[PDB]
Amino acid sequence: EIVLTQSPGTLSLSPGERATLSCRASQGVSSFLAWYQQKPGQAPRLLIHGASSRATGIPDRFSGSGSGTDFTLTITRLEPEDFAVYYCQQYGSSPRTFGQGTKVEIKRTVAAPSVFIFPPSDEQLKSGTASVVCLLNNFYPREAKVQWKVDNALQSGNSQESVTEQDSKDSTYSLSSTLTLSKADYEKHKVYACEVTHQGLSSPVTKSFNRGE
């Protein structure tokens, strides 16, 4: 099968800027390439077909180019509703294959997160598990580091984090990290700390609490 490799993976631009997305085929597919747009939580939408023909109701700021193995999709003047994920799909040969997607996120100024730590509830401890939750609210860019510490022993392998989609009002991200312990392993320790490293912080911000309190 044809492998469609899209680049770049993530395309961080500001509204009004010019976007250029590339799609390469492992071998030639002539002009038999289509582009799709997908917003989070809803279905893909056809943008162009035939490498350069707009589908029905597609604004002229979308245009496609290329043939053989090289294709580009170009948004000329990015509207705020053009920030989504874009896939390429070939129908030249083999099974029809899709690209792995390019996200066009929104660029903005650096925003540091506000950090919140949450001790497990008393009701939850009654079930034998303890969840220590750490919240990183409204930051940009997306990449951030969350470090768990239990009595200054850096934890690892027992935490899971989760990031939101980019907020359509302030274009920031939020993150929650969850430290999962047994009720026994939780009550044999005192200090639980969440150390956050981000571009918007001069030094890593640490929040903590004492279990005995």
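Residue numbers here begin at 1 and follow the sequence given.
Stretches 107 to 115 and 122 to 130 differ in mean CA B factor, with 122 to 130 having the higher one.
Taking only CA atoms, the mean B-factor in the PDB entry is higher for 183 to 191 than for the other of 183 to 191 and 33 to 41.
When the CA B factors of the chain's modelled residues are split into thirds, the value for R77 lands in the highest one. Per the PDB record, residue ranking by Cα B-factor puts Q90 in the lowest third of the chain. Among all modelled residues in its chain, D170 ranks in the highest third by Cα B-factor. Among the modelled residues of the chain, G68 sits in the middle third by CA temperature factor in this PDB entry. Among the modelled residues of its chain, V146 has a C-alpha B-factor that falls in the lowest third, as given in the PDB entry.
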